[PDB]
Amino acid sequence: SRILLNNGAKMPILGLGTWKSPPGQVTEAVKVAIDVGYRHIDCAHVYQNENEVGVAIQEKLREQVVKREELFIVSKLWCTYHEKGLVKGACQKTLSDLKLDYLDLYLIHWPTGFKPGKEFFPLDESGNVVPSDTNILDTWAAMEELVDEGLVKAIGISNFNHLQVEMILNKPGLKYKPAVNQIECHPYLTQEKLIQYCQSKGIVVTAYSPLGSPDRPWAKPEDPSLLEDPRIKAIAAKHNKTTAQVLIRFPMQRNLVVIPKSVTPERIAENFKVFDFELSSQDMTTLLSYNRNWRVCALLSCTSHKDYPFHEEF
Ligand SMILES: NC(=O)c1ccc[n+]([C@@H]2O[C@H](COP(=O)([O-])OP(=O)(O)OC[C@H]3O[C@@H](n4cnc5c(N)ncnc54)[C@H](OP(=O)(O)O)[C@@H]3O)[C@@H](O)[C@H]2O)c1
Ligand SMILES: O=C(O)Cc1nn(Cc2nc3cc(C(F)(F)F)ccc3s2)c(=O)c2ccccc12
């Protein structure tokens, strides 16, 4: 149920996502999750609910349902903090909100730096995001210092394409390799090329939006529905499991970590019940065949950033 990272630590292959979890409901969602067995929580400052996640974690530690060493807590450096001088402060705010004295993993959330300020998405008068003149290698060095200071046990990246991964790997004076690349991944966006690249470099891949993020605020009704894909439902039926459970088990069997989000206690529990069955090799290849290169997570206003990651093939 855990995978070995290149930093020597073990990461649970199933975690709870918290993007879009309302602040008034996420405390209970994370308490329920830890009660039913989750030991990995995926967080971010930009999700604006870390204080409330933190309440849950702290309460379960206080109740001795879990000890700190058994938890694997992940957070992410937001785009407006890529400057070398801001990275520590961003990490300590996340730590302060989560009521932790270290993070198990801290990720560069997106490869694109934006102008620092109070705005998460600073725009110019015509709507383009205002970039920062920070490059991912200086940002990376600043992340490495967090390891040396003991604020984080591992560092990694997210939404980096393979040329941007390669840039870090080739960084002159590279001190800690990224441990994880967290990317969008589901049967409509299977990422075989990027995943193979990352794994071949011993970088663990975490698959986000594994259910297709049907609650993403920019969803359109024309938009496909993984959960309602009758081919996926048939595979679930074959296994006496729900479609969500198949969608969660699928990345696990490609040696990925996967982080489904839910604030519904029945679904939190359901999503955890994925260790009692296995998809066949043929099931796996069939699921891979549904790839559409359909990406649910990105943003127009950022398309001219120099470091925009999805122009590349992979
Ligand atoms: N690094 C990045 O840039 C990045 C980007 C996107 C996401 N992520 C991370 O990955 C997580 C997961 O991705 P996501 O939030 O985009 O979406 P997701 O996990 O693919 O989908 C969550 C949606 O599915 C619903 N759902 C959950 N379990 C279900 C089940 N068993 N049956 C039916 N519906 C179910 C949830 O509903 P309820 O909550 O109402 O139950 C919610 O509407 C995020 O929360 C975040 O932690 C990271
Ligand atoms: O980030 C989350 O975890 C989920 C997430 N995704 N997106 C879609 C995005 N698309 C991007 C594209 C770039 C780009 F690199 F391409 F420029 C940079 C940054 C982003 S945010 C959002 O706009 C967002 C807003 C608030 C909280 C979470 C999110």
Task: Rg(Cα) / (2.2 N^0.38 Å) computed for the chain, rounded to two decimals - done: 0.96
TODO: Using DSSP to define loop residues, name the GluC sites (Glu not before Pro) in region 134-204 whose beta-carbon has at most 16 other beta-carbon atoms within 10 Å.
DONE: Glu149
Open item on the list: What does the net charge come to around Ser1 if you take all other residues with beta carbon closer than 14 Å to its beta carbon, with K and R at +1 and D and E at -1?
Closed with: +2
Task: Pairwise FRET efficiency - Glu313 versus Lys273, Cβ, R0 = 41 Å, nearest 0.05 - done: 0.65
- [ ] Within 10 Å, count the other beta carbons around each residue, average over each peptide in 53-59, 75-81, and list them highest first.
- [x] 75-81, 53-59
Open item on the list: For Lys76, what residues show an amide H to amide H distance below 5 Å, using hydrogens built from the backbone and excluding near sequence neighbours?
Closed with: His45, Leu107
Open item on the list: Going by average Cβ density within 10 Å per residue, which order do the peptides 119-130, 169-180 take, highest to lowest?
Closed with: 169-180, 119-130
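To the nearest 20 debye, what is the magnitude of the charge dipole of the chain about its Cα centre, counting +1 on the Cβ of each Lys and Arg and -1 on the Cβ of each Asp and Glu?
600
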- [ ] Taking just the C-alpha trace of region 105-150, give me its Rg and Dmax in Å.
- [x] 12.9, 42
Open item on the list: Between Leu174 and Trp294, what is the label-point separation in nm under the 7 Å Cα-to-beta-carbon projection?
Closed with: 3.5
Task: Calculated P(r) tail over 15 Å for region 165-235, as whole % of Cα pairs - done: 63
- [ ] Above 24 angstrom, tally the Cα pairs of region 10-154 and express them as a % of all pairs, no decimals.
- [x] 33
Task: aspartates and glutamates with Cα under 13 Å of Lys238, excluding same-chain neighbours fewer than 8 positions away - done: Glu278, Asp283
Open item on the list: For the pairs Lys10/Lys93; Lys10/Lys201; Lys118/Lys177; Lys60/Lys241; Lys10/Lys241; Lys84/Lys171, flag any whose C-alpha to C-alpha distance is greater than 21 Å.
Closed with: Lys10/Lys93; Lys118/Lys177; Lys60/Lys241; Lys10/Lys241
- [ ] Order the peptides 229-236, 214-221 from the highest to the lowest mean number of other Cβ atoms within 10 Å of their residues.
- [x] 229-236, 214-221
Open item on the list: Below 12 Å, Cα to Cα, which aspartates and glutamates can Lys31 reach? Residues fewer than 8 away in the same chain don't count.
Closed with: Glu52, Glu59, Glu63
Open item on the list: Explain nothing, just the number: relative contact order of the chain, from Cα pairs under 8 Å at least 6 residues apart, as a whole percent.
Closed with: 19
- [ ] Net charge near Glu145: determine it from the other residues with C-beta under 15 Å of the C-beta of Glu145, scoring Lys and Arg +1 and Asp and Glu -1.
- [x] 0
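For region 1-144, what proportion of DSSP beta bridges, expressed in % and rounded to the nearest 5, is antiparallel?
35
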Open item on the list: Taking every DSSP beta bridge with both residues inside the chain, roughly what % is antiparallel (nearest 5)?
Closed with: 20
TODO: Add +1 for every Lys or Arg and -1 for every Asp or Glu among the other residues with Cβ under 12 Å from the Cβ of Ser280, and state the total.
DONE: 0
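Cβ coordinates were reconstructed from backbone atoms using ideal geometry, including for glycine residues, and neighbour counts include every protein chain displayed. Here, each number is a calculation from the coordinates, and none is a lab measurement.
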